[PDB]
Structures are given as structure tokens and as C-alpha cells.
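The chain contents come next:
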Amino acid sequence: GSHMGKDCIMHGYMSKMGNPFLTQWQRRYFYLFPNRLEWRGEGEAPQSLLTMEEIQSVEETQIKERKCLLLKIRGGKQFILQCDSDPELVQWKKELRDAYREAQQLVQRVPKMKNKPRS
């Protein structure tokens, strides 16, 4: 109620993409918001605006010691998180996890066509 919020939580360079064909990753600039999230960089596109109310579960993978991060969407899509920074992604996740979590717990009380005018 107009007291304290959190706009841009974490921003910077974040590589994410590929899944079925993990041969070459791509570094792109993203922005983890309190609900939204911008994804831009090289190439081009008509739009690149997303939120944080879909992801199914965020986690990181390892390989003998360390691999890369992961970002599975509950929509049916998947993404491979990767960065040169250990914390970066780390922090991204922390803020990300919640981003996806909150969105959930926030979209938890979702009536599947009922309304129920009291009873």
C-alpha cells in the first residue's frame, strides 16, 4: 500500500537458450523485474517482453563440479541458463525463483470458472 516496492531487481548480461541441441550457447542481455523481464541483445525482434508467471521451476545443473543453470517453464518450453559469473546467475535465480514463485502464490487463488456469489 504505497510503502516500499522493488522494480529492477537484477539486470545485466545473461545467456539463455537452446535445450534439445546444446552445442552452442548465446549470450544475451536480460532483466529480471518484480514481475516482468526484458530480453534483448543481438539479432532483432518485434517484441521481447515477458513476465515471471509461468516458469515451472528454476535450478542449476553441474558436471563433475559445475555445469550451468536451468530454467524450465510450466508452459512446455525450456531454457538453458549459462553465464561466466557464478553469482550473477546465482542471484538471478534467487530473485528469479521468487519471481516465478510469487507469481504462483499470487496466482494461486485462481478460480477455474466459478465466481461463487457467496453461499
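All residue numbers start from 1 on each chain and follow the order of its written sequence rather than the entry's numbering, and residues without coordinates are excluded. Side-chain metrics in this entry use all non-hydrogen atoms of the structure; hydrogen atoms and water are not considered.

Looking at the entry header, you'll see solution NMR listed as the method.

*Asks:* Help me out: how do you make sense of the layout of surface pockets in this one?
*Replies:* To find leftover empty space, a probe the size of one water molecule is rolled over the atoms. A cavity, in this analysis, means grid points on a 1 Å lattice covering only the protein atoms where a 1.4 Å probe fits yet has no way out; a pocket is instead an open set bounded by protein on both sides within 12 Å along at least five of seven lines, and a residue lines either one if it has an atom within 4 Å of a point. Grid points are joined across faces, edges and corners, and a volume is the space filled by probe spheres set on the points. Taken as a whole, the largest pocket encloses approximately 290 Å³ of empty space. Along the wall of the largest pocket there are 17 residues; nearest its centre are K16, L37, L50, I73 and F79. Secondary structure elements follow DSSP: runs of H or I no shorter than four residues count as helices, runs of E no shorter than two count as strands, and numbering proceeds from the N terminus. Those elements that provide at least two residues to the lining of the largest pocket are β1 (10-17), β3 (36-40), β4 (49-51), β6 (68-73), β7 (78-82) and α1 (86-107). Along the lines of polarity and charge, the residues of the lining of the largest pocket split into 12 nonpolar, 2 polar and 3 charged. By volume, the second largest pocket is sized at about 250 Å³. Along the walls of the second largest pocket sit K6, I9, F33, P34, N35, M52, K94, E95, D98, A99, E102 and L106, which together make up its complete lining. Classification used: nonpolar for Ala, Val, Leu, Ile, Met, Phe, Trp, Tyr, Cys and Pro, charged for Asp, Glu, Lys and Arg, polar for all others including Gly.

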